[PDB]
Every structure is written in structure tokens, then in C-alpha cells.
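First, one chain by itself in C-alpha cells, the form deposited in one PDB entry.
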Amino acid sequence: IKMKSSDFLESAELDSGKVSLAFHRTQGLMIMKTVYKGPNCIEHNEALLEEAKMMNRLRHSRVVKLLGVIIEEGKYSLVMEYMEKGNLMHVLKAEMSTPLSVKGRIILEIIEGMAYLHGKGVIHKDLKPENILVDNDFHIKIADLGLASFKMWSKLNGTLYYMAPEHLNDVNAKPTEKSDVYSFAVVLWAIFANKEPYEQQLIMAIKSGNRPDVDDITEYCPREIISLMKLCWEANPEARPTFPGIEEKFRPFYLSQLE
């Protein structure tokens, strides 16, 4: 979990807040983001190392790995694995259109990764294209760049279009697995529409049954996927499926008609 800046042979800052792509001696490339600068705390310094070892042990191919933490002379930084193509929305807004087979695979990988997290008792709450990272081979990893699951590191220093209606104007309602199912539905829309969807007048529209316009999807999208996004953004959370439920229907569909 613990790391030093001496371990990094070279680095390079980039802004996608701001991060450093550092080459580690033996492990290779890693992304680095300094959370806060100033004095070294005492009340919460011990917990920040425990919270990192809790996220470090979330080990799945479709989930971003926290590689370590760097604490040195009043600075606090998190170190994750490098994903070469950035985020899903960066990939979707490129010159060339991503094939339907690759989009179908991204969808299945987000399902695999979200079923993993739910099975480990972790609710995402902040699932959006910006938290779906892409490597140079078009395989994805679900991240937590907004620190929604890092409650300690969040205290050391967002998008409403993917947020389920039950959480719009009811911030005390505890987020559930069905909260993420709603967000995934809006991510499905964004994958085939190739853009971000859609304040008080909007939000109140979403609570009454308003959703992103499916007719805005110009490029080809399968009817079973359209049917899946409609079911996942159902206003009632109990009417939505679980990610293992989505997986048992989506995987046979991907393998027969898209792979």
C-alpha cells in the first residue's frame, strides 16, 4: 500500500482534475493524483492507509486497481493503474465510430465489474462514463474518480443525469444496487447516442417519468438493448433487475448476436 516518489524513474503531468503519469522502477506505468497539500494530520491519518488497503483488495479485471498511496512532507497522493484511452466518453466522441461488437463487449464488462462490486457489498452511487476507464485494447475498468466510495479521502478535500430519481430530492435515501442499475441504463443510452444526455425544471421532469430521448440514438442500436435500458431506468427501483440478472440475459445475447 505505502509508496515513495523515489520508486518512480520518470513522470509526466496531464489534465483529463490534474494527474501525473509516472513510470515505476519495477511495476511500470501508473497514474498519480495528489488529493491535498498542507500540514500532516493526526485525527484521520491512520484511517487513510486502512481505507486504501480496503480498496486495494477490490481485485477484478473490470475494476480499477488502487496500486498504492504516497505520504511524504505534508502531501497525500493515490496511485492507480494506467488506462491508455482515458474514459468511455473520450473513446465514444472519437473520429472513428467504435464497432457494435466492441460496444457490446464494453457493456458486458461494465456488467461483470458492477456484479463484482455489488457481490463485495460496495454500491458505486457515482457510475457514469467518466468513471469507466478504457485501455488501448478497448477493455474497460470501473473507477471511483469522484471518491464516492472513498469517504475518508473525500473528506481530505458531480453529475445528476445518471442519478436515480429516488435520490433526486431525497438525499437521505440510502443508495442500493438498484441505484447503480438506473445509472447503467443512462450509460447504455450514452454508449449508443455517443454523447452526454439531456435543473429544477429538469430534475422534476426526471422524477415524474422523463428519461433521455431514445430517438436521439441515430446510429444503429439493437431493440433488446433499448428494451434493457428502459427496464433499468424504470422509476420503481424494485422493477429494475440486478447486475447478475442483467448478465444472465446479456451474455447469451452478446455471444450469439454481437461477439
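Heads up, when I say rigid core I mean the largest set of C-alphas that superpose within 1.5 Å between the two forms. Don't overthink the numbering: it's just position in the shown sequence, from 1.
Separately, the form deposited in another entry exists; it is not shown, and the next lines address it.
- Among the candidates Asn210, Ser61, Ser227, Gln27, the CA atom that moves 2 angstroms or more between this form and the one not shown after core superposition belongs to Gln27 alone.
- Residue displacement note: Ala239 has its CA displaced by under 2 Å between this form and the one not shown (rigid core superposed).
- Fitting the two forms on the rigid core leaves the C-alpha of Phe253 displaced by under 2 angstroms between this form and the one not shown.
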